[PDB]
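K.L.:
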Amino acid sequence: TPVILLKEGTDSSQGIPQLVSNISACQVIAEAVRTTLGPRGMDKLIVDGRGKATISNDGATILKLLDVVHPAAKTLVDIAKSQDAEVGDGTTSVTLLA
Amino acid sequence: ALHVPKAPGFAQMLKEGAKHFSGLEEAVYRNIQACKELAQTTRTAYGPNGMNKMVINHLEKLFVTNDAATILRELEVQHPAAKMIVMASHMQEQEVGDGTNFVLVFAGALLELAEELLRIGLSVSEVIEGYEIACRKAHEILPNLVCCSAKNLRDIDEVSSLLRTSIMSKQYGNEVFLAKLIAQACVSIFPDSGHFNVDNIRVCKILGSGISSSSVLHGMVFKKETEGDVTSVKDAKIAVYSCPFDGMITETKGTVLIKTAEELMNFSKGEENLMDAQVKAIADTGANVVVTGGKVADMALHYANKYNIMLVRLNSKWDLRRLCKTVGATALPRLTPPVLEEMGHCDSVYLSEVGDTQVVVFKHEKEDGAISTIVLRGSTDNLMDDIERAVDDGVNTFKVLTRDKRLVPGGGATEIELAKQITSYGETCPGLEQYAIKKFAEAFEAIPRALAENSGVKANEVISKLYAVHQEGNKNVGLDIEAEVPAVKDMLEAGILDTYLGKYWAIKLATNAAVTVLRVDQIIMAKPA
Amino acid sequence: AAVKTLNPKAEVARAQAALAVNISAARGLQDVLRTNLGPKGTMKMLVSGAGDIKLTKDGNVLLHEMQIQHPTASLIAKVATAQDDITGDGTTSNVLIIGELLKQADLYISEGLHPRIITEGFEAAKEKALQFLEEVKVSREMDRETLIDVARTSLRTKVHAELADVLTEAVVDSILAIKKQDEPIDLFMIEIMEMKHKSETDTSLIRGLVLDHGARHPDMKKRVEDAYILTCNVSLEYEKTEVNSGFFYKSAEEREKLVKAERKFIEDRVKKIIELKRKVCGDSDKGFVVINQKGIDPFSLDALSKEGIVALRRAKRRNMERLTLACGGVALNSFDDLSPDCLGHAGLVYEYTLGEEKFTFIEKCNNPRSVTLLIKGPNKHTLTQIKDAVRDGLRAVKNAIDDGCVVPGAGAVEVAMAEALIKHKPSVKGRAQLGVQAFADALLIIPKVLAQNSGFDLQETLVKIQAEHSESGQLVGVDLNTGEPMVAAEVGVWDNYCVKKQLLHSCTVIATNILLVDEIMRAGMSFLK
Amino acid sequence: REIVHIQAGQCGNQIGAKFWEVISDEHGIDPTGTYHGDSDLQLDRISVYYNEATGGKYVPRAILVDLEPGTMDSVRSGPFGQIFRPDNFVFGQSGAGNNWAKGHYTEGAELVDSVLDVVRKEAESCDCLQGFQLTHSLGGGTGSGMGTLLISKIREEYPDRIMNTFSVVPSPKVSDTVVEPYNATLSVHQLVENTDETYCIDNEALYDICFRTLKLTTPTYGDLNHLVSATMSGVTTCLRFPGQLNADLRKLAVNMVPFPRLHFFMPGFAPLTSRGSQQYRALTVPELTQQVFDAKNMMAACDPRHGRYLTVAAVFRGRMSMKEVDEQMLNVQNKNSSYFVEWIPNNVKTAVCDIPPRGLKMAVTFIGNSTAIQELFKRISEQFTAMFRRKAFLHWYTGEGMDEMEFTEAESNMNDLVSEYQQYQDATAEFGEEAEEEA
Ligand SMILES: Nc1ncnc2c1ncn2[C@@H]1O[C@H](COP(=O)(O)OP(=O)(O)O)[C@@H](O)[C@H]1O
Ligand SMILES: Nc1ncnc2c1ncn2[C@@H]1O[C@H](COP(=O)(O)OP(=O)(O)O)[C@@H](O)[C@H]1O
Ligand SMILES: Nc1ncnc2c1ncn2[C@@H]1O[C@H](COP(=O)(O)OP(=O)(O)O)[C@@H](O)[C@H]1O
Ligand SMILES: [Mg+2]
Ligand SMILES: [Mg+2]
């Protein structure tokens, strides 16, 4: 106890509670791009720190502009760029399916 | 109230912020607990069913790993006792390449069992002697457990079966595909004359399709682009320069001086004419592509395009040396027409695109070449890096097989046999060293327990069935993974093997770590800063 | 109180307080150091502010690495080092005597005795002890077998039993190989090199040199079967005029001429070496190796590589001497007198690569006067532990050769002085008999600590030893596995003669000075700012 | 070519730690060692200050030496500590105590033998090294004592490589160590005959610029490192980036140092003023260049109006047009030409780098060789002489094994050096008793 193994401030979680929490986390990411699919889909407006505004319907572009830091959610962001870099179309379809 | 006034002697002279532990209670019992905690962290990352683990270092970088040595490097430990185990595991990786988790499980289990022996009346001096004798007795037994042999290390079909087990514990489900790839790359950089060097296998990661579309390229590939207007060559003669592709100047300061009208006008014309002849002289030998390790000039580029010379630039001082080996050419330190001996060859050089990326490919039609490269295609960066670590583990196994050709059964069949035979020897040793010997044999079981725990079955049913079968004389019976009910299986017939040198070093370094910790009696620590 | 009225921020400790502080703090250093004495001593762990680990058992190493802030712990530490750099062994026994010597003198002072009376007792006891030691020493031939015992007795108290068997042969052999006739042993010619690979039992002795750097050009040969060695410190690097100078040309054509001309000073030097190589090495059967203390340009490397001349750059200053006595060449500064008579000889040169770092071996010299010790191990802290134990072994052997005598140890001698000092104390006059009696008990801390650390009783065992040596006049010491009396010379325990003579001189001087201190005062400027 | 950087003591380690920090964030390097830039202009000369290890890693060419682990542990544990070479850290166990004798005779003697081995291992990895860089302070014992010993050992080992240094000059108004003048006088004596040139910087002007001109009524040392680290970058900047004329450190010596003994410069950094003035001052070429000859941008206690400049050098950073730079330079050269050189006209050396230092719109760097530096060295000597007469605190130096004659020896050179600068002015050559009789 007086000498602790790992440095103070280390966060450690595991088990079923950890795994279920990752499943619910990805639902928020798929929510931001859900209603941008279809012949009757909408856009989203995002404003960064400096005030510049970006209006876009491209699914891969929206996920880039979000400042996601959740480690499990970042997987869904990367597959968006994967579909972007190979075929270029289907960036939202690969996200809802995930 | 009153206070306890800091008894005199060494306590009153000690600097503030420092610590001083003494005796068995405050030094050895604490160190064993600290070591025990470290084992439980990576214990779940053992075996084919060992679950992945996710680590974020202090630089916000993301790692998803099964490799035990990788986890410890990015985890940062502060207890001195745990650090000793870490340095032991890192040494085993450098010397062998696989078995970085066998050290932690074995060294952790040894210290836990040595706690009770000290608890019932033995001393630290007698425990160490008992451990060391078993370590010597373990090695003498080990050669008797060899059950297979590597026959020909340039046979593609045979080798793929040798590396499959070394990959089965990393990428369960895709072990067949990855085993075939690494076999092709390693078997065709092989030298006749010996000395398989490991650096001669290159890995290039390209984002895109699934992992099944990755392949092997007999040559080298770079993520660059051509400078001139020439793009592809069909039968290339290559010249390699380590100097900038431009007119040279004196290293000492040198200025141009003019005193008359004619010299002012004739300077610019003279310089251009000299450059034209130098490039034409290069093209006279037949070179098709020029590769340089430095800056290129505009006039050289213009004349290179005129004479149909392909020009590339890359400055690594380590990629260029690798390129020299691949084509057989030799470097040049000055812009001179290359000698026919000094020019390499290549069957095709071209610029291609793969998954939104531009690459330059030096492809041989020769099966052997000098070095080979494996192209990785995945859907995420984290997915590639873990596969990259698997390729390293598979290659390092091939490196060992060249050094030694003997295999031993895996899946817990080796450790069970050692525990059975050490105890039989331990029964015939009178004295107080008989207890430590039996404890050493008892620690070997944790490796069959660790596999069984992660498999989702009861450990005691397997261990009981392994002992009963091994008493009948079966030295090749180990744990079965596919069975949802605990069971055993024959390992030699199932082709599950591991290198003899992997076990020989793993046992040696593990015990050396345990006895090193037990020799400590007191700790003096300086304050952090 | 006479110093506070001038500088109120001053700290002082007057007559009886000053003695109390010194004696109570000197005892503090003894309570922790007494567990190091003898081969049964306990190993400590040390951690600095960075988180490093350094296991040790030495006396001097422990003193400087323990967090202590005390004035009287600074006087002792400075003496222990002064006893270290000269003699090389005997630092732990230094502290034990000084602490025990102050304890005994305090025993009589507390009854109202002036300290100067005891001081005169120490001098009378010191002179008598130095005369007794002069007649106990054993003179021998210093054959190899005797030096083995002296080296073993000093390498056994600082590593485990099995390792001290290996290091003992290497230490004795290395001293003999470099030892000419009466000319004194000159160290700095026993190169200590550490290689972090393989188990620590592979420490060996190489009858030549090892260099921590190798060939830098790619096409240099990695092995040579019969080599000529050229040792020079001349520079083959591009150099410029001391006085300022610049190049003034007129056009492109003249610029090229000035470029080629400026390499002529260096290219002349390179041609001199090649012309010599063709002469002595007429056929392509021998070898040629160039060792330079300065840098070498890439252009110079290319010229040398075309002739198969292995070349190394920027070797250390000491190796400019060791290579001369090993191979047998001449260290020359210029090439204006190059001749075949100045080349050395060596029977094997090859290169070893350890991951990032490379090594080169010079072996099979005809009659080497210099050798190297190669240290191998799996950890950084282990290598340092071996390095310190090697330093003490060389000093112990060298002292046994410079002196013609060796003194039996194991605790036998101090008992002998204790006996002879008792029978002299009735002769002296006054209360100085108390000083002699105090010294006699001080010398008995060595036998007590040895028995105490093995697990025996101090009073019962020491009386057994004094029961002998009083009815049988043989020199009898302590046995560490039975507690019985033991004849020191017959078993093989030995101790240097200069160590004991200097140990008695140093300890008495400090205790004499410390006891005469009136007051401790700190009245000066607080900090140097 | 190849250069090596070496830091010693308290002040040297701090500046060097920041210096490597304000280099990695330009060239695309990261605190793990990879290169993450997309511009090939950064990697052309990346190898001058760096080594490349297998796997794409890059490591600095730096040696950190101190006699106490406290400072080295701070850098090792602090930011960017994982980048440095593991074995390059060399540390003692007892410190120096700021007694110049202790760091020059007793402790530094047994440490250089181990440090000299390290610099050999770094020099073995370069095809052709060109020179060294040293960073040290003149007040601490290790900076002065061990710094003097290191340079003497370096000179004997290496015959003709250049010796560039970055030493801070003590400001006696900030006296600190009661015995400051002893440390400063001896080191300068050795520096005169063993280095090509030294760049002096005082903490006084380091204190004034942030406090008065900018903000932060209480500026701590942490900001002071940033200001000097800005100056570190620039004299050194050209070296790591290409240019139309290859300006190497050797031609800096010949073109900036007319005399081998008067070779002490004071630098200048214009584009940094108040935060509001950073916005509202119209940062154009001539007002930015106007800070070169100002009384505020200087970082030495030497009045220029009472002095005469010898040679000047101007370094420009940013992507401009070529015309306006020369136009204003032509203007400025003749604007205040009254207070200019005595016999060396047209000293201006112009250097332009496309990529500016990261962070700001505009940047330049100025170097000047003054005849007013003697005003600084004179004051040091005057304070030194007043103490030597009383022999105050002398036993702490003489009693360590150094002869008293050295204190009198070093004094003579300081008077000799001052006489040299005084000779080149011809203005300072301009009575109480009543003896004015026949002849
Ligand atoms: N004429 C159509 N009728 C029905 N569905 C359509 C039609 N045109 C497009 N879609 C739908 O649009 C979806 C994807 O649109 P798109 O923006 O390309 O997705 P992504 O962002 O994943 O590329 C497809 O699943 C397809 O079913
Ligand atoms: N098909 C298999 N069935 C059961 N166990 C296996 C199989 N393949 C490998 N193993 C086990 O995996 C272990 C090593 O895997 P790994 O996690 O890499 O450990 P280490 O890190 O120590 O190399 C071996 O002890 C072996 O018994
Ligand atoms: N095998 C042995 N048996 C008995 N005494 C020994 C033996 N080896 C060493 N000693 C004793 O140990 C004492 C201390 O030596 P060592 O442990 O090296 O520390 P130091 O030399 O600093 O006192 C010596 O006086 C020697 O007599
Ligand atoms: Mg494995
Ligand atoms: Mg000893």
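Residue numbers (the authors' numbering), protein chains in the order written: chain C, 4 to 101; chain B, 2 to 530; chain I, 2 to 530; chain A, 2 to 431, 436 to 444.
For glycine and all other residues, C-beta sits at the position ideal for the given N, C-alpha and C.
Using Cβ-Cβ distances below 7 Å, what residues of the region 35-54 of chain B are close to chain C?
P.N.:
Those residues of the region 35-54 of chain B that come within reach of chain C (Cβ to Cβ, closer than 7 Å) are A35, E38 and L39.
K.L.:
Which whole-angstrom value is the C-beta distance of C201 (chain A) and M267 (chain A), which I expect to be below 8 Å?
P.N.:
In the fourth sequence, counting from the first residue as 1, residue 201 (chain A) sits at position 200. In the fourth sequence, counting from the first residue as 1, residue 267 (chain A) sits at position 266. About 6 Å separates the two Cβ atoms, so the contact holds.
K.L.:
Is any non-hydrogen atom of ligand 2 found closer than 7 Å to the C-beta of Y501 (chain B), if you look at the structure I gave you?
P.N.:
Here residue 501 (chain B) refers to the residue found at position 500 of the second sequence. Result no, Cβ not under 7 Å from ligand 2.
K.L.:
Can you confirm whether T251 (chain B), when its beta carbon is compared against all beta carbons of chain I, has any partner nearer than 8 Å?
P.N.:
Reading the second sequence from its first residue, position 250 is the one you call residue 251 (chain B). By this cut-off, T251 (chain B) is an interface position.
K.L.:
Could you check how far apart the C-beta atoms of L164 (chain B) and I190 (chain B) are, in whole angstroms? I think they sit under 8 Å.
P.N.:
Translated into positions along the second sequence, residue 164 (chain B) becomes position 163. Translated into positions along the second sequence, residue 190 (chain B) becomes position 189. Not really, about 15 Å apart at Cβ, beyond 8 Å.
K.L.:
For ligand 1, I want to know if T94 (chain C) counts as a neighbour, meaning its beta carbon is within less than 7 Å of at least one of the ligand's heavy atoms.
P.N.:
Taking the first residue of the first sequence as 1, we reach residue 94 (chain C) at position 91. Yes, the Cβ of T94 (chain C) comes within 7 Å of a heavy atom of ligand 1.
K.L.:
Can the beta-carbon of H219 (chain B) be found less than 8 Å from the beta-carbon of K364 (chain B)?
P.N.:
Along the second sequence, one-based indexing puts residue 219 (chain B) at 218. Along the second sequence, one-based indexing puts residue 364 (chain B) at 363. Result yes, Cβ atoms of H219 (chain B) and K364 (chain B) sit closer than 8 Å.
K.L.:
Excluding the five sequence neighbours on either side, which residues of its own chain have a C-beta within less than 7 Å of the C-beta of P339 (chain B), listed in chain order?
P.N.:
As a first step, residue 339 (chain B) must be located in the second sequence, where it is residue number 338. Cβ within range, chain order: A240, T286, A288 and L333.
K.L.:
How is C36 (chain B) classed by DSSP in three states: helix, strand or coil?
P.N.:
On the second sequence, residue 36 (chain B) is found 35 positions in, with the first residue counted as 1. Of the three classes helix, strand and coil, the one that applies to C36 (chain B) here is helix, per DSSP.
K.L.:
Need the endpoints of the alpha helix (DSSP H) that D491 (chain B) sits in, please.
P.N.:
In the second sequence, residue 491 (chain B) corresponds to position 490, counting from 1. Run containing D491 (chain B): none in the alpha helix (DSSP H); it sits in the beta strand (DSSP E), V489 to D491.
K.L.:
Is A453 (chain B) near ligand 2, with its Cβ less than 7 Å from a heavy atom?
P.N.:
Numbered from its first residue, the second sequence carries residue 453 (chain B) at position 452. Incorrect: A453 (chain B) has no Cβ contact closer than 7 Å to ligand 2.
K.L.:
For the alpha helix (DSSP H) containing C325 (chain B), name the first residue and the last one.
P.N.:
Your numbering for residue 325 (chain B) matches position 324 in the second sequence. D320 to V328 is the extent of the alpha helix (DSSP H) around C325 (chain B).
K.L.:
Take the Cβ of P49 (chain B) as the centre, count every other Cβ of all protein chains shown within 10 Å, and call the residue buried at 16 or more, exposed below.
P.N.:
Taking the second sequence and counting its residues from 1, one reaches residue 49 (chain B) at position 48. Flag for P49 (chain B) reads buried.
K.L.:
Compute every distance between the C-beta of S155 (chain I) and the non-hydrogen atoms of ligand 5, then say whether any falls below 7 Å.
P.N.:
In the third sequence, the residue the question calls residue 155 (chain I) occupies position 154. Within the cutoff, so yes.
K.L.:
Taking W319 (chain B) as the query, report the chain A residues whose CB atoms sit under 8 Å from its CB, ordered along the chain.
P.N.:
Residue 319 (chain B) sits at position 318 when you count from the first residue of the second sequence. Neighbours of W319 (chain B) on chain A, chain order: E53 and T55.
K.L.:
Does the Cβ of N513 (chain B) have 16 or more other Cβ atoms within 10 Å, making it buried, or fewer, making it exposed?
P.N.:
Here residue 513 (chain B) is taken as the residue at index 512 of the second sequence, counted from 1. With 16 or more other Cβ atoms within 10 Å, it is buried.
K.L.:
Using a Cβ cut-off of 9 Å, which residues of the region 57-80 of chain C contact any Cβ in chain B, in chain order?
P.N.:
For the region 57-80 of chain C, which is checked against every Cβ of chain B, the residues closer than 9 Å are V72, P74, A75, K77 and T78.
K.L.:
Using a threshold of 7 Å, is the CB atom of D128 (chain A) nearer than that to any non-hydrogen atom of ligand 5?
P.N.:
For the purposes of this step, residue 128 (chain A) is taken as the residue at position 127 of the fourth sequence. Outside the cutoff, so no.
K.L.:
Helix, strand or coil, according to DSSP, for residue 433 (chain A) in the structure here?
P.N.:
In this structure residue 433 (chain A) is absent; chain A steps straight from 431 to 436.
K.L.:
Less than 8 Å between the CB atoms is what I'm expecting for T312 (chain A) and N348 (chain A), so what's the real figure, rounded?
P.N.:
Locating residue 312 (chain A) in the fourth sequence gives position 311, where the first residue counts as 1. Locating residue 348 (chain A) in the fourth sequence gives position 347, where the first residue counts as 1. Confirmed, Cβ separation roughly 4 Å.
K.L.:
Give every residue of the same chain whose Cβ lies closer than 7 Å to the Cβ of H382 (chain I), excluding the five residues on either side of it in the sequence, and list them in chain order.
P.N.:
The sequence position of residue 382 (chain I) within the third sequence is 381, counting from 1. Excluding sequence neighbours, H382 (chain I) sits near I54, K55 and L56.
K.L.:
Quick check: the region 255-263 of chain I against the region 307-325 of chain I, are there 3 or more CB pairs under 8 Å?
P.N.:
Contact fails: fewer than three Cβ-Cβ distances are below 8 Å.
K.L.:
Going by beta-carbon coordinates alone, are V96 (chain I) and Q17 (chain I) separated by less than 8 Å?
P.N.:
Indexing the third sequence from 1 puts residue 96 (chain I) at position 95. Indexing the third sequence from 1 puts residue 17 (chain I) at position 16. No, Cβ-Cβ distance for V96 (chain I) and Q17 (chain I) is not below 8 Å.
K.L.:
For the region 497-530 of chain B, list every residue whose C-beta sits within 7 Å of some C-beta in chain A, in sequence order.
P.N.:
Answer set for the region 497-530 of chain B: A530.
K.L.:
Any idea what DSSP makes of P81 (chain B), helix, strand or coil?
P.N.:
Within the second sequence, residue 81 (chain B) is the residue found at index 80, counting from 1. Three-state result, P81 (chain B): helix.
K.L.:
How far does the beta strand (DSSP E) with residue 1 (chain I) in it extend, from its first residue to its last?
P.N.:
The structure shown does not extend to residue 1 (chain I), since chain I is modelled only from 2 through 530, so no value can be given for it.
K.L.:
Is it the case that the CB of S170 (chain B) approaches a heavy atom of ligand 4 more closely than 7 Å?
P.N.:
Residue numbering aside, residue 170 (chain B) sits at position 169 when the second sequence is read from its first letter. Checking the Cβ of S170 (chain B) against ligand 4 gives yes.
K.L.:
Can you pull the DSSP bridge partners for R407 (chain B)?
P.N.:
Numbered from its first residue, the second sequence carries residue 407 (chain B) at position 406. The partner list for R407 (chain B) (beta bridge, DSSP) reads B:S150.
K.L.:
Could you please give me the residues that DSSP links to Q134 (chain A) through a beta bridge?
P.N.:
Within the fourth sequence, residue 134 (chain A) is the residue found at index 133, counting from 1. The partner list for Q134 (chain A) (beta bridge, DSSP) reads A:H6 and A:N165.
K.L.:
Can you find a C-beta in chain B that's less than 8 Å from the C-beta of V6 (chain C)?
P.N.:
The residue labelled residue 6 (chain C) in the question sits at position 3 within the first sequence. So, interface residue.
K.L.:
Let me check you understand the geometry: is the CB of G395 (chain B) closer than 7 Å to at least one non-hydrogen atom of ligand 4?
P.N.:
Here residue 395 (chain B) corresponds to residue number 394 of the second sequence, with the count starting at 1. The answer is no for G395 (chain B).
K.L.:
State yes or no: is the C-beta of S162 (chain B) nearer than 7 Å to some heavy atom of ligand 4?
P.N.:
Here the question's residue 162 (chain B) lines up with position 161 in the second sequence. False, no ligand heavy atom lies under 7 Å from that Cβ.
K.L.:
The beta strand (DSSP E) with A490 (chain I) in it runs from where to where?
P.N.:
Here residue 490 (chain I) refers to the residue found at position 489 of the third sequence. Taken as a continuous stretch (DSSP letters only), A490 (chain I) belongs to no beta strand (DSSP E), being part of the alpha helix (DSSP H) at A489 to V492.
K.L.:
Any beta-carbon of chain B closer than 8 Å to the one on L250 (chain A)?
P.N.:
Residue mapping note: residue 250 (chain A) aligns to position 249 of the fourth sequence, counting from 1. For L250 (chain A), the answer is no, since every Cβ of chain B falls outside 8 Å of its Cβ.
K.L.:
So is the beta-carbon of residue 117 (chain C) under 7 Å away from any non-hydrogen atom of ligand 1?
P.N.:
Nothing about residue 117 (chain C) can be read from this structure; chain C reaches only from 4 to 101.
K.L.:
By the DSSP assignment, the beta strand (DSSP E) with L208 (chain B) in it spans what residues?
P.N.:
In the second sequence, counting from the first residue as 1, residue 208 (chain B) sits at position 207. Per DSSP, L208 (chain B) belongs to the beta strand (DSSP E) from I202 to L208.
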